[PDB]
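This document opens with one chain alone, in structure tokens, the form deposited in one PDB entry.
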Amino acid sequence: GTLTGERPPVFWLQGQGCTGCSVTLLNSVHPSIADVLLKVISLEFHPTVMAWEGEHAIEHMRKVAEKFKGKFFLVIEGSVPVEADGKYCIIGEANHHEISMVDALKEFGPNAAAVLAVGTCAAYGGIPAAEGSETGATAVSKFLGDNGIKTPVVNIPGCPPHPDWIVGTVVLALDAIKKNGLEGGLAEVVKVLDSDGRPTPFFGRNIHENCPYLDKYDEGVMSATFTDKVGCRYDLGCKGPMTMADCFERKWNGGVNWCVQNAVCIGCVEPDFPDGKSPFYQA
């Protein structure tokens, strides 16, 4: 990219998020986050990092949204809570009117080129939707469908995702759009999503079948303490068998470690995370 190249507008809305999906993106090695922001996208609204604030920030987003109707990308971090008329997530106030996450997704969702549901919360509901919750935390695709909003959704799950999955999905989409235009390009993206809406380049391979400890699993050699790095981690709770992600290759944080080497996989990219992956520390 270049400082003077074409960069599409992006709005990043946080619902019931922890900001970990934003932070993981800040960890991108290549391109660096500075290069993403200055050379790849135009991040017009993001509550954690943007200069302006309050109603002025909301109105800026609304002005860009009008100028780029049908053409902006909407990132969602966190789930969308529907209980109590949306009151469990208020994201702003303008014109003396509070704006819930429900309101915001009904406003901007219909007018986005595509919605990127970043993280397991946005993609699938995640921890806010897990047993014992009471906010009506809802995944992006379900919320949009329930409200008759047909805008395409791409899921980029993980808790958090790896930055390369986020940036890489953006790059996949922008390449398809460069070759085919917006509608043709998004059709090419949809062709490479799995049944859970995830791009098969990053999510098309199973952890366990590619794991360096697979021989130990097959031999029945299981570590009995976390610090035994020779044996398989299955008896300690590893969910690699049930998990579709490329962590075994890509690893984490500049390649310095990954969950299975360090401890166990908890299945964080899967639609049933956390409840279907729990308990974490026994098979």
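Shifts are known only where both forms have a C-alpha. For clarity, a rigid core is taken as the largest C-alpha set superposing within 1.5 Å between two forms. Residue numbers here begin at 1 and follow the sequence given.
Keep in mind that the form deposited in another entry is missing from the display, and what follows is about it.
- Once the core is superposed between this form and the one not shown, every option in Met242, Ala57, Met222, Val40 stays below 2 Å in C-alpha shift except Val40.
- The two forms, fitted on the rigid core, differ between this form and the one not shown by 2 Å or more at the CA of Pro31.
- After fitting on the rigid core, stretches of 3+ residues whose CA atoms all move by 2 angstroms or more between this form and the one not shown lie at 31-37, 39-41.
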